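Here is the structure we will look at, set down as structure tokens.
Each value in this text was obtained by applying a stated rule to the coordinates, not by laboratory testing. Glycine also receives a Cβ, built like all others from the backbone with ideal geometry; neighbour counts cover every protein chain displayed.
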Amino acid sequence: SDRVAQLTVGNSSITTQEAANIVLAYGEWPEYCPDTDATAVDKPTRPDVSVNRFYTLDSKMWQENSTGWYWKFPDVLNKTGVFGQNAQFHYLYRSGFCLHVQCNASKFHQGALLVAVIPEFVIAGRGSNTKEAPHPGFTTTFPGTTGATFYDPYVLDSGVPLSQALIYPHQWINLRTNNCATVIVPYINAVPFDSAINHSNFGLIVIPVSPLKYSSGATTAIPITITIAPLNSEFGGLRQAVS
Amino acid sequence: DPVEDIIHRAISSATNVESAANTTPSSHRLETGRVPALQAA
């Protein structure tokens, strides 16, 4: 009655039989923008079925010497589905999310992942220059659906240590206990509406802390799939398409 | 009884306004005769 769960959003549903729990980020639910906090004077669009559903990204194979991964939200969904078409025709944007990272392994495998959610996750450059200076490319800061591997996961590629990164909303995927992590995140920004193309709010991060080990003869290919879903999404400022 | 024809306002109105004006929700207009977009300068 606690290890079994089902999450139906839109026309899609996720079952699980070996879950742990569900984490609300900072104790709050994603909701629509109230009238006392809105600053635009147009009426927003709210599709509410066509954009609030579970989108499944690609799978990441987890190996012995993986140094870890990061996506940007809502960067990964600007080109998939009707959420990718409403986020290009409209200047303004507001949503929550509901994340789910699946990774199964047998009773003879061991290891652990750290699935956390970092608001305003800024990538650092990797040079000893005091001004010129190195800055990350656009496919490194805004990677898309294929993510990006960390170079230095010990400092999260931002000069900030992983050992204190449990202050963010997070779960663990311990292969002897569970196989999935679920984090529900509200809209966290200093402005009520903001653009979905320039500004990615937060970044999902999956880093294997204890490495994958298995005895000989076991299944060598352990993939990590990620299924995300917008919640309470609304757009504004209709114009022509800009990607 | 004597000579009679010896016997024989504004527009603006100030309001105490504290903050900027609000915005009320609207709908769509499909009718003739009532036009707010046509002016005469």
Quickly run through the stretch A:30-63 and pick out the residues that are of a type in the set (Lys, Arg) and away from every other protein chain (no Cβ under 13 Å). A:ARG46, A:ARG53, A:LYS60
Within the group A:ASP58, A:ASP48, which residue is among the acidic types (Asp, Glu) and within 16 Å of the chain's Cα centre (by Cα)? A:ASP58
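Residue-by-condition table, conditions (1) assigned to a loop (DSSP other than H, G, I, E, B); (2) within 19 Å of the chain's Cα centre (by Cα); (3) within 14 Å of chain A (Cβ to nearest Cβ):
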residue: B:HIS8; (1), (2), (3): yes, no, no
residue: B:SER13; (1), (2), (3): yes, yes, no
residue: B:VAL17; (1), (2), (3): yes, yes, no
residue: B:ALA20; (1), (2), (3): yes, no, yes
residue: B:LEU30; (1), (2), (3): yes, no, no
residue: B:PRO36; (1), (2), (3): yes, yes, no
residue: B:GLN39; (1), (2), (3): yes, yes, no
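Residues in the stretch A:142-157: is at least one over 23 Å from A:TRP62 (Cα atoms) and either out of contact with any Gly (no Cβ under 8 Å at 6 or more places or on another chain) or not in a loop (DSSP other than H, G, I, E, B) (or both)? Explain how you work it out, then say what you get.
Our first condition is that a residue be over 23 Å from A:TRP62 (Cα atoms); within the stretch A:142-157, this holds for none.
Scanning the stretch A:142-157, I find no residue that is over 23 Å from A:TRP62 (Cα atoms) and either out of contact with any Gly (no Cβ under 8 Å at 6 or more places or on another chain) or not in a loop (DSSP other than H, G, I, E, B) (or both), so the answer is no.
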The one condition in (1) touching a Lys or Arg at 6+ places or on another chain (Cβ under 8 Å); (2) crowded, with 20+ Cβ neighbours inside 10 Å; (3) closer than 24 Å to A:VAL23 by Cβ that A:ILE207 fails to fulfil: (1)
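In the stretch A:169-196, which residues are in a loop (DSSP other than H, G, I, E, B) and either surrounded by 18 or more Cβ atoms within 10 Å (Cβ to Cβ) or touching a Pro at 6+ places or on another chain (Cβ under 7 Å) (or both)?
Going through the stretch A:169-196, the residues in a loop (DSSP other than H, G, I, E, B) turn out to be A:169, A:175-179, A:186-196.
A:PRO169, A:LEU175, A:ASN178, A:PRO186, A:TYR187, A:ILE188, A:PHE193, A:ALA196 - these are the residues of the stretch A:169-196 that are in a loop (DSSP other than H, G, I, E, B) and either surrounded by 18 or more Cβ atoms within 10 Å (Cβ to Cβ) or touching a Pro at 6+ places or on another chain (Cβ under 7 Å) (or both).
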If I go through the stretch A:197-220 residue by residue, how many of them are of a type in the set (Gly, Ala, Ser), part of a strand (DSSP E or B) and under 30 Å from A:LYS43 (Cα atoms)? 1
